[PDB]
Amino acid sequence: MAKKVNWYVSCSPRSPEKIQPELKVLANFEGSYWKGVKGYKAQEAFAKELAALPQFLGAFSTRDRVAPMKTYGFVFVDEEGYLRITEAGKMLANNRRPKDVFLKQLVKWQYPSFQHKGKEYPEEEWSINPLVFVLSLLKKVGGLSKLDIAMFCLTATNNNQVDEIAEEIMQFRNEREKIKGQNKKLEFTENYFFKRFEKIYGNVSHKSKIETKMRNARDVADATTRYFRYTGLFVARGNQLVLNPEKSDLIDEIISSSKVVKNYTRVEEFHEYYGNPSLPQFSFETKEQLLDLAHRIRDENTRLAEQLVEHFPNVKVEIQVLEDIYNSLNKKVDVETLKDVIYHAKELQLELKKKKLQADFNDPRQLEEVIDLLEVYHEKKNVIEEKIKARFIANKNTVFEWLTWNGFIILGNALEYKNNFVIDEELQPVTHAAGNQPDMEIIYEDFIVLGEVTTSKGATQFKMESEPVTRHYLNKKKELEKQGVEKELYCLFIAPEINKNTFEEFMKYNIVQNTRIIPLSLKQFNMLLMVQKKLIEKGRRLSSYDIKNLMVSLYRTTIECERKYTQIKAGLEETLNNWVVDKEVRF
């Protein structure tokens, strides 16, 4: 059959925030001829401008990068052959309320559509809003792993199949539980997957063929969870995609008002709807009800801050931003201003939830959980992969970044815990930091620490980290100086095993290029977490000063110590132990 039998979310890119910079470049070619051979000139000029983008300075086809921008309603080619940018594409190019733009586009997203119609996508088989299908399915099955999405969701082609696939997942789960033996369970699962795709791609080395289908499905499932979590309607709970408990009413309305419109065969008529980021218009998107929503979020944020500020006065950072955001309603109260206030207020609530983790970590079980997961990174690669896949959606390299960041939060005192990796609305990890950024920036009152982490080993470690770390350091220092920020910059480089050549390369930059890179073993980093744990046990905790002094002391050792690897290494352990002993904790 030529009929397609699955939908997909693009893997180019697989994480949705990487579209904006592409789209901003593409918007420059609005009004360009973009069809046929006359289309070549503009499309090749675009391709060159895009290859200069940081994310591509590490070779695709232009058509391949543009396709998701068409599928999600940001751009189209009109009937006269010119490239056009929709209002949704314009908003995202300008970075206005991007997660909200994605929510509305992916809620409207349907099959068939202008991009996916005709012979390949017959209405007899196709009538689905993939994101909404998945919201409705989760109401039935609670959660979906990436494998669940690959096995059951992508091959759903009609909104009316929610109940049937719900029933089938539960029957799959009920049987799988009966299979005794973890390995046995893996094989059952894999064979259930093989058979299902068999009846479905029954179309036409067989096994080699449906195994490619299965592999593709897994790939797409990953991308799907990242795009869907980006909207905020979904979050991770362990290794499962689940509904965001704080968006219940919004999710109810989405399910209720979603639809497959039939006006998709001509490009203009379809994009007048699909490219409109005001559509669908939700019940509460009136001035009157947006005031109420803005005020509800303000009260939530206030409640949060006030619970924290007595023991964690660094939340005074978000309290003031909060005041600046809402002072705009003083000047003007219209729907657009309200939307912006509400967008920034949710962003700030997330910032408050990061400081709230400080209070969570007062419970030693919570704190030790972070330590214990970090300790997993001393195990062999196969063990790490298994333990992390069972507890997270994100891969183990991303999770190592997230765990190290939680480590900074446990030590406390920062003004901002700036993860550069992506997290979702429940603070769970999604996508690794970009190649041109350190993994995180922890800003304190009078110093700043970059966190650079890797699970890399030996020469590929040297390979991977020597230039980017020293470059990220130097770019940041440059930026701070241009911005007039009078704070010393440190970089903490953390690996389970720090390679001597990597180490020696950072020592050379420290003394030669005036960097302040401090290489700390995962074991040494975990020691810090244990020192804080014991202090909290005794009613104390580390101060901002304490952390500064560690950074300064270790820094000084890197440049004052004798120029010999073994000496500097032992000097750093010495300095560390002093600091630790100074805390007078049971060690």
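Numbering starts at 1 and runs along the sequence shown.
Colleague: With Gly58 and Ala59 adjacent in the shown sequence, let me know how many deposited residues between them lack coordinates: none, 1 to 3, 4 to 9, or 10 or more.
Modeller: According to the record, 4 to 9 deposited residues lack coordinates from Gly58 to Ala59.
Colleague: Counting only residues that lack coordinates, how big is the gap in the deposited sequence between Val204 and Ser205? Pick none, 1 to 3, 4 to 9 or 10 or more.
Modeller: According to the record, 10 or more deposited residues lack coordinates from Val204 to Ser205.
Colleague: On mean C-alpha B-factor from the PDB entry, just flag whether 104-112 or 364-372 is the higher one.
Modeller: The deposited B-factors put 364-372 ahead on the C-alpha mean.
Colleague: Check the entry's C-alpha temperature factors for 132-140 and 213-221, then say which stretch has the higher mean.
Modeller: Result of the comparison: 213-221.
Colleague: If you compare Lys353, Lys418, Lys500, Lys346, which has the highest Cα B-factor in the entry?
Modeller: Comparing C-alpha B-factors across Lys353, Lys418, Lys500, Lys346, the top value belongs to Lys500.
Colleague: What's the residue among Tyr555, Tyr40, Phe29, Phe525 with the greatest CA temperature factor in the PDB record?
Modeller: Largest recorded C-alpha B-factor: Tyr40.
Colleague: Would you mind ranking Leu572 by its C-alpha B-factor against the rest of the chain and naming the third, lowest, middle or highest?
Modeller: Its C-alpha B-factor, which the entry lists for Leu572, ranks in the highest third among residues of this chain.
Colleague: Going by what the PDB entry lists, where does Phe447 fall on CA B-factor within its chain: lowest, middle or highest third?
Modeller: Tercile = middle for this residue's CA B-factor.
Colleague: Going by the CA temperature factor in the PDB record, which third of the chain does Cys11 belong to: lowest, middle or highest?
Modeller: Middle third - that is where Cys11 ends up once the chain's C-alpha B-factors are sorted.
Colleague: Thinking about Cα B factors across the chain, which third does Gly539 belong to?
Modeller: Tercile = middle for this residue's CA B-factor.
Colleague: Please place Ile559 in the lowest, middle or highest third of its chain by C-alpha B factor as given in the entry.
Modeller: Its C-alpha B-factor, which the entry lists for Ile559, ranks in the middle third among residues of this chain.
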